[PDB]
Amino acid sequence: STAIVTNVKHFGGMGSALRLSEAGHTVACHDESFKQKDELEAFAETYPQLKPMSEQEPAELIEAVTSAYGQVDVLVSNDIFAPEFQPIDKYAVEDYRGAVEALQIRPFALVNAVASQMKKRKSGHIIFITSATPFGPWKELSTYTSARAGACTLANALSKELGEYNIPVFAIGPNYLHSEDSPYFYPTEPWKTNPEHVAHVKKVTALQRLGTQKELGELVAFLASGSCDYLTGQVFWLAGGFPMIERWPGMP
């Protein structure tokens, strides 16, 4: 198969991509960093089993991989955006506007992009790596949330129509997924090093730990394998127990 993975360096890209590559797929990797040739180069060096594309814009990115690698069989729209809290009256309209464009409009394009070619041949898989915040909203983060829920309903609606040309559609919304080196959204520090953050993570995720790239990677590879296409329309909540709820006074 020929896959794509956007923002490979953040959120869930190195976990998706490599599990994808480990499975012998052709994985083209999009990252804004890959705008600088000094960058894309070392990446295509650090991971020779991957394919970092300089192509920035949605549709042209699809074009690079398709024309460079025959086509694109799976789309893993790993979308990211700085979740910078703010009571509603302190944000700005462009603040909300910029999250919808990077968490909502962005993946819609990629599909409006690759859509025709998967449909023509009757094959392809589409996966949005959204976010589990809607499943449980914190206070003061409305812009990023409404943005994530928007994408999730898109994947679900996108299935009632796409099951036609045999293209399963799903969305994996993460919460507390270890981003390691990446600041999007839970890096090693302090998330694993600090006692308050680790005690937080233990208290909020049922599993009492952070999530791994390998875990998400296994699911995308499984969804992207046709082994269970009948799962289409599903909104996967990869938050290891989250959101954990508050027990009454007394109950330890």
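Note that residue numbering begins at 1 and tracks the sequence as displayed.
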| request: Between 27-35 and 223-231, name whichever shows the higher mean Cα B factor according to the PDB entry. | output: 27-35
| Hey, which bit's got the bigger mean C-alpha B factor in the entry, 99-107 or 125-133? | 99-107
| request: Could you check 79, 164, 89, 140 and tell me which one carries the biggest Cα B-factor in the deposited entry? | output: 164
| task | Check the PDB entry and point out which of 116, 156, 145, 175 has the largest C-alpha temperature factor. | result | 175
| remark: Here the Cα B-factor of residue 204, set against its chain, lands in the third termed highest
| So where's residue 45 on the chain's Cα temperature factor ranking, which third? | highest
| note | Sorting the chain's modelled residues by C-alpha B-factor and splitting them into thirds places residue 53 in the lowest
| message | Which third, lowest, middle or highest, does the C-alpha temperature factor of residue 197 belong to within its own chain? | response | middle
| Which third, lowest, middle or highest, does the CA B-factor of residue 5 fall in along this chain? | middle
